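Below you will find one chain, with nothing else, as structure tokens; this is the form deposited in one PDB entry, and questions on how it binds or moves follow later.
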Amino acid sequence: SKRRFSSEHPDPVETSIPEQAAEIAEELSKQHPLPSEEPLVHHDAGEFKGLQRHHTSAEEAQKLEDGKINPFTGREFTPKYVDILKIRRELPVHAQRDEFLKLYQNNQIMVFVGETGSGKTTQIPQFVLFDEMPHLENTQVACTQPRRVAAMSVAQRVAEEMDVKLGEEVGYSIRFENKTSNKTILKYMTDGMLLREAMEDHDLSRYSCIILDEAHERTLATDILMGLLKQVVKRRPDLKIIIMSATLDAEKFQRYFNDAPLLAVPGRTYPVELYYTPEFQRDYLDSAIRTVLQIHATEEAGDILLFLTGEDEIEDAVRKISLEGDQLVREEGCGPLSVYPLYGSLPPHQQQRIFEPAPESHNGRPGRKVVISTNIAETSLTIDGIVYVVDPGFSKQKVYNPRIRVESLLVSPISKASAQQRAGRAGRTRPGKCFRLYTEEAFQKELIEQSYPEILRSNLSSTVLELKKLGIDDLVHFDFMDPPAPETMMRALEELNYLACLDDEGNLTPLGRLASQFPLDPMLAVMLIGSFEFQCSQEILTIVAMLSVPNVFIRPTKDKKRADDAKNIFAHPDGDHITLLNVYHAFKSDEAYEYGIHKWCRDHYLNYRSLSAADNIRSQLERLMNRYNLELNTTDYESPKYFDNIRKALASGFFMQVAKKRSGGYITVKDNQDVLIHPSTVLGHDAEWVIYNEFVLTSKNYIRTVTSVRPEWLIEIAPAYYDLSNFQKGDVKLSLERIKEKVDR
């Protein structure tokens, strides 16, 4: 039966300030409706005249590839293209081009499996372009990657293989980073971005072929896309789907996709000798560094791939290995050693450096390259010339606590399957070696066989909103390859209703619709959207952008006091979220610019990479706010309301991540969890109630990035949530009872 609302138990949608803001924006949007998307353009001067769609062969395409003129653009092929062409033609998938074409031509969905390095991501979509000729039928081909870095780097490489400009006929799309145009035929993109395109066009009508790549990684976005496309093909006989995977055991995929056929590429990996440590290695970074330097000093020529876990750790390793490499050249006459980082947030000009040839030695001992990478390099891309892998056995992995309902990103041991994939990267060129920084027994007995798919390790708040925007009513029966626990889904539905993104019958509100237009977690989107109602949308836009990048404050272990003093320049007491606004504002100041911005960040213990990323995100979010008619406004800094307005806007999104100082640590409003303020913040005595950005789970529970709030504001802004009937007996409830009493008198 329809839920009943009253003053005692009010309607979360009728009492949401962001919902008011979205209703205003929506009416403004109706006054001037958005034009439809720019149409595709293409080139056609008869070059494909001799080819028939879905009846082409490898020979016909080779004739076109060998021709004088690039058939996709009408410009003469360069000499560089021709040299690239000869080399990629030795890739293993080329030997099965006709077998692949036949499967593609005769089936709507197919599964394609092959080892990393075999040429799946770069070659197959080019094979499809010849047979499908998508640009001659007003369409594109999409190829999704779980990893940003893979999509960006392969798109750059495939633009060169196809002899076209990046962003034109070959382009990429990542959240906040678009490199496509009306000319784009082949779009590499993260799986999350094709999911966002589907939210706007449920049938994905722009694509005639969609290739879901690296499916063995089983990311959440990839799982949703699989479930969606298994329905879209029923409506779209003109859509073909290719599922590509590294894991040569793809039985489960074929079954899930209606017994689709499988094309398997036989492996061509050279033998790799495995080395283990005799004992447990307690401190793996220094063991890794020693191992890389030993290899460099004693092994024959061949590059090194070191797997680490995250960007600060990799930059620290790059610095130490570079220094120690240089010491070896000068002290022992080792060959030159170049050292490159690879991790998720790296800028594309820096991604490309990993493919540079090793330096030439002028002294008789081998010059060598070390790439220090996350598990991006486990299966998603290949650096030619690797012969040695160092595997500390760890990666950063999302874990989920069902009761607490909290996702945590933690460094933990990898699976045996991941360890096998890491070792395999040493055998792409010739017999290689893999140095595992753990015992053969830890590998045989202690590592789990296989990591669980991401959907079983996620809060599903974004996922539920996406599925709703996609027009899925019955979330429980959505056809996931591995369904999540139904309770996780139900908790997500309830949160979204409290945020007023869904009403109580599970339908999208104007706020839910508008929130779905922002590539942000729902709490952030709702905070942003509502913020012009609190007269601080300029400031909240900054804050949301800063919450979308990592912690910008550098704190070296042996330089804490100077790093802490620098942060205090920007820190707002009882207001970590305002600290974020202060640092971004200083970063964008004329003064920092005149100081020289790179130097300015270093001297102030700030990460330029992170700030620069926030600045781009802020520009892209601003463009969405303009597109969807969310006013950019602000309040005089000297207004007595200036900081109140910011705290209120924050509360409008984050009212469910609130903690109260214990009467007799803090206690969370949601689930009554005992927590400590994370040591990165010390609050004053006036911070009885705070909003936190993050719940941190180590041996104890902390909340991190905390700003104080008046509890009266919480009741005012989120009365359906702060309904005392909702609360268990205890400290929080008591304190809230007293606050309500007093708000009346």
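Start at 1 with the first residue shown and count on from there.
Here the subject shifts to the form solved in complex with a partner chain, a form of this protein not shown in this document.
Between 490-498, 221-229, 273-281, 98-106, the stretch whose residues reach within 4.5 angstroms of its partner chain in the deposited complex through a non-hydrogen atom is 273-281. Checking 435, 307, 655, 534 for any heavy atom within 4.5 Å of its partner chain in the deposited complex turns up a single hit: 435. None of 616, 294, 672, 517 but one reaches within 4.5 angstroms of its partner chain in the deposited complex through a heavy atom, and that residue is 294. Contact annotation for residue 573: none of its heavy atoms lies within 4.5 Å of its partner chain in the deposited complex.
Although the partner is absent here, residue 585 lies well away from its partner chain in the deposited complex, with no heavy atom inside 4.5 Å. Contact check for residue 610: every heavy atom lies farther than 4.5 Å from its partner chain in the deposited complex. Under a 4.5 angstroms non-hydrogen atom cutoff, its partner chain in the deposited complex has residue 420 among its neighbouring residues.
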